[PDB]
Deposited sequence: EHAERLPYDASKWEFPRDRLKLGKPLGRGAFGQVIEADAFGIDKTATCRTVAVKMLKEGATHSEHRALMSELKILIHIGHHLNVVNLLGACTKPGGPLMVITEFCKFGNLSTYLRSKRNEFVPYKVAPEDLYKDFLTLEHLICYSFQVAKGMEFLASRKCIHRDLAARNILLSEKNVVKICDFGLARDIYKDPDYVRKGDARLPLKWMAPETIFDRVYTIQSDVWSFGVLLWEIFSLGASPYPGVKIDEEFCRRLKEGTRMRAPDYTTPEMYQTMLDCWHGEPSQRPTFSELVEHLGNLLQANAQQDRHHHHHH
């Protein structure tokens, strides 16, 4: 629905308080006074091109309203304000994640990975570890549990739509071959649901534990691909996975949408795996 309310007094931001920067249309920019926390803050802006159809305007507006309605969550790009009143183009302003999409970031740390650290820890400064990977998965799962709980369906959950912020905090965003993230029922029936988002999460898991690889490596995405997918064929375990994570991937990819775990179960499961890994890490650190 678009019937959602827009509270101008709370969200409206003056267009001349922004200084548009480079493209990420989604642009990066400097916003002055959008925060009572400072005077100048870097932010991201999604705006309508100068052409923009009337229906295209209504679309960006509905996204804005949904962002307002949903609310704040540490693992979802948070809305900061908007320019909707007459005088300029419609603009939606959110926090900025300087490190970019998770896929690209993981791709750049392939030579900087160890399963876990021990002394001397300095030999692994800013390296990725199993803790990091499971932690990104845990956060995205909490973000999705947050959205599913509000009847909000992503429709394009993939590593490219996950942003990396400071302190290894990841956020779910939406820049809005994509068939590779789509569940069987989405491809053959054009059905989108929380469950089909669970399928996508599984593919995201694979991406995270392959360190930014492209799903279904060396496979043409044609009719055979879709046929085999519906028939039960699945990607093999990626290079940096743990046995439990791979099985969570298989669970997410179950043929029956209703047999896949819910995001609450995944949040619960990933949480336990995160603690087990951490406990294991303490022993590895202590003994060596």
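Problem set entry | Ranges missing from the model, given as deposited sequence positions | Going by the record, the segments left unmodelled (no C-alpha atoms) fall at 1-2, 27-32, 185-202.
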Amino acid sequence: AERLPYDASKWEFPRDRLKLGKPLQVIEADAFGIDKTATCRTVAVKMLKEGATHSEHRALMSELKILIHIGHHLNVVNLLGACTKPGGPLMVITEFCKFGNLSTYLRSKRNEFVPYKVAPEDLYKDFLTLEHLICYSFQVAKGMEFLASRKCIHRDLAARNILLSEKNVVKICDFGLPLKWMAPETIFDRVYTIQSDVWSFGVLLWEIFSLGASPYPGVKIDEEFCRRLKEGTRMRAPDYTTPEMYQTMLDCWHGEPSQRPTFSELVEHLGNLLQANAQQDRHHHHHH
From here on, numbers count along this sequence of modelled residues.
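Exercise. Higher mean Cα B-factor in the deposited model: 117-125 or 193-201?
Worked result: So the stretch with the higher mean C-alpha B-factor is 117-125.
Exercise. Can you tell me which stretch has the higher mean Cα B-factor, 2-10 or 277-285?
Worked result: Stretch with the greater average CA B-factor: 2-10.
Problem set entry | Selection from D239, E244, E231, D251 [criterion: highest C-alpha temperature factor in the record] | Highest C-alpha B-factor among the listed residues goes to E231.
Problem set entry | Identity of residue with top Cα B-factor, from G143, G88, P178, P184 | Out of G143, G88, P178, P184, the record gives the largest C-alpha B-factor to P178.
For this session: Quick one: classify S165 as lowest, middle or highest third of the chain based on its Cα B-factor.
Result: Ranked within chain, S165 CA B lands in the highest tercile.
For this session: Sort the modelled residues of this chain by their C-alpha B factor and say whether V45 lands in the lowest, middle or highest third.
Result: Middle third of the chain for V45's C-alpha B-factor.
Exercise. Within this chain, which third does the Cα B-factor at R15 fall in: lowest, middle or highest?
Worked result: According to the entry, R15 has a C-alpha B-factor in the chain's lowest third.
Problem set entry | Relative C-alpha B-factor of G81, binned into the chain's lowest, middle or highest third | Bottom third by C-alpha B-factor.
Exercise. Going by the entry, which third of its chain does the Cα temperature factor of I93 land in?
Worked result: Tercile = middle for this residue's CA B-factor.
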